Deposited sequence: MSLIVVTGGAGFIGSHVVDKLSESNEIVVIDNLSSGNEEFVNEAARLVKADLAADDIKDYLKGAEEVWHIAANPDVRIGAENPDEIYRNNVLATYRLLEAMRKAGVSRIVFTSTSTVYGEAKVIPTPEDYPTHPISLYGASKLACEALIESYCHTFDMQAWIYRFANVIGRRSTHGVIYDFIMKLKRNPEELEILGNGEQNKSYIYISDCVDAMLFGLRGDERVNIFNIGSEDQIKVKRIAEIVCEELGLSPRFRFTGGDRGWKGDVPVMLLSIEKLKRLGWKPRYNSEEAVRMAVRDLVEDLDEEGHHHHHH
């Protein structure tokens, strides 16, 4: 019996698909940015807001909680109140619910931005955490609360930090922006910068697999970075998008984490950045139609 908060969203729904195969799954989601159609039918969907509704009764008997729910991290035009509410408060309320209900296992999706302006790349898990963005700070705040509840109310946790996950059911970012442009005009793709900018992506299946793998970690609190073995330039992303869409437009030009910790434990990503991107472009295409 496992509870998956945010199980109706991108990463969450994938987690549900994998766990539902051998666990009774209860999903808690207010569908603010999720889609109930993504939820496996073998699971029970409870439509509740972690920041305002009492959820201890939905946690009754649960052996573990995969806390995947959170506010969408956006570029700039961010709202402090929603980030606070859906990240900090929601997590605090969940921990209290877990405490009262007796649930002592939590798997949490943090974020690569807890490291702020890191001066060493690839960034290891023991690198200082001085977030500069509100989303990063909210997540580091969540990690602190989790850590303390683990020591104070005897819980065990697995915290995963990662940057950009792509794959079926996700709809935003560079790949999305390119598709929507080429749909708008198949003969020209605008690229901000000179395309030499680098990016790194982890394919969704690898994100899920890493989180499952890290569970063998047996410290009271286990922190792991998840990421790909490489990088990819925006210029190459554009080409792959054009390749899969079968196009040849005219191009108009206007935080890497170290995974050595998980790798010494025995995990390795199956896909590199280019493969993650190519598979993600195909699934996004069909996703937008579906």
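Stretches of the deposited sequence left without coordinates are 1-2, 78, 258-269, 306-313, in sequence order.
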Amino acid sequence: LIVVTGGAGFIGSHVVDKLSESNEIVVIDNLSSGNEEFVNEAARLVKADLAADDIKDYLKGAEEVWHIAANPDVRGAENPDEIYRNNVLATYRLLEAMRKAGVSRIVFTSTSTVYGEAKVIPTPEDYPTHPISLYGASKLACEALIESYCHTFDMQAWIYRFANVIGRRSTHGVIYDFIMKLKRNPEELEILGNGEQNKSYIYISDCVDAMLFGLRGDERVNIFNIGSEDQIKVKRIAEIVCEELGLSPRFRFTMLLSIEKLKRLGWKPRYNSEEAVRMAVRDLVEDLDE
From here on, numbers count along this sequence of modelled residues.
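When 52-60 is weighed against 220-228, 52-60 comes out higher, by mean CA B-factor as recorded in the entry. The mean C-alpha temperature factor is higher for 174-182 when 201-209 and 174-182 are set side by side. Across the options 137, 157, 191, 166, the residue with the most elevated CA B-factor in the record is 191. Within the selection 214, 128, 76, 124, the deposited Cα B-factor values reach their highest point at 76. When all modelled residues of the chain are sorted by CA temperature factor, residue 47 is found within the highest third. Among the modelled residues of its chain, residue 72 has a C-alpha B-factor that falls in the middle third according to the deposited record. Among all modelled residues in this chain, the alpha-carbon of residue 143 has a temperature factor (C-alpha) in the lowest third.
Residue 24 sits in the highest third of its chain by CA B factor, as recorded in the PDB entry. Sort the modelled residues of the chain by CA B factor and residue 80 lands in the lowest third.
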